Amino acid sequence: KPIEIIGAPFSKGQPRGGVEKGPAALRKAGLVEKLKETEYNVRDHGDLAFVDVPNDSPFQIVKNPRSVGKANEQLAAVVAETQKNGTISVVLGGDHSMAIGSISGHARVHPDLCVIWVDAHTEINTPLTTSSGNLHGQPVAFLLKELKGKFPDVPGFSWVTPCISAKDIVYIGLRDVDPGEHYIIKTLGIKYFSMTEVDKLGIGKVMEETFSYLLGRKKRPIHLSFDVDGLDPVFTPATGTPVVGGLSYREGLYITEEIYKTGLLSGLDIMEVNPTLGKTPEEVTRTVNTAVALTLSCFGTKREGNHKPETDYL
């Protein structure tokens, strides 16, 4: 199977500059090489160049709507393209708002996909519920069918077509959630595993349940959108939104390993890696390394070890 890396140097989804450097930091760390050592064929499409929309006035509270909307439109085009050729896409972020384009494009080819969202936040805030106009905290709002017309159309997002329903998404690692978002998730009946369910059940059972919930009836391709801040800051400190008490390096890898085993991984997002937020070079290194670690994992690198088939090492 085919893997296509696509870099998304975007940061207008939030106030902290730096996430655009994320894809570079990940390649710098040898992401693309390491991936070649796996049983997959890797092709590095490169980084997308996003055209900046001049005079991008805020829509009410929402900041940089047109710039974010346009970059996402371009990214959904690219993703739809590679998905069509039957390759597995891997989007290196930039902030999480780029999940809009990543999942939209993916859905065009695989309309029956399900989403596993690893994050400390829901990021379902609608343009009306945000306390800040930051779009990196609103991705899911634009993607839900049940949230259609529950908010004003925003400049630059008219191309977006609400692709997945509340029954197709599962959250894991939810700790920081706004009142509005919590209202939405309870009202729409969205399945989630906040850190308290992870504590109660154990990562092992959590994955067992998200799979029986999303794949019980029909087996369908999976889109894993991963916000590095879904891990405790002790593992991924270089992110704009650190929340203590998150997933452990082990639980993170555990998930990726289980998802690899389903054989259904179809799309992946490695978001919110911000190199400039590390208080020491080591903090940046720590963050990058585990992100690379989760990616390689999604693809077969097991902690128990790997050996090439047909090779008699004796």
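Quick note: we count residues from 1 along the sequence shown, nothing fancier.
Stretches 150-158 and 93-101 differ in mean C-alpha B factor, with the higher average recorded for 150-158. Averaged over their C-alpha atoms, the temperature factors of 140-148 and 198-206 are higher for 140-148. If you compare the C-alpha temperature factors of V32, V53, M271, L265 in the entry, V53 comes out highest. In this entry, the residue among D168, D227, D176, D232 with the greatest C-alpha B factor is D168. In this PDB entry, the Cα temperature factor of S132 sits in the middle third of its chain's modelled residues. For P221, the recorded CA B-factor ranks within the middle third of the chain. Only modelled residues enter the ranking.
Annotation for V115: CA B-factor lies in the lowest third of the chain's modelled residues.
Annotation for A8: CA B-factor lies in the lowest third of the chain's modelled residues. When the CA B factors of the chain's modelled residues are split into thirds, the value for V244 lands in the lowest one.
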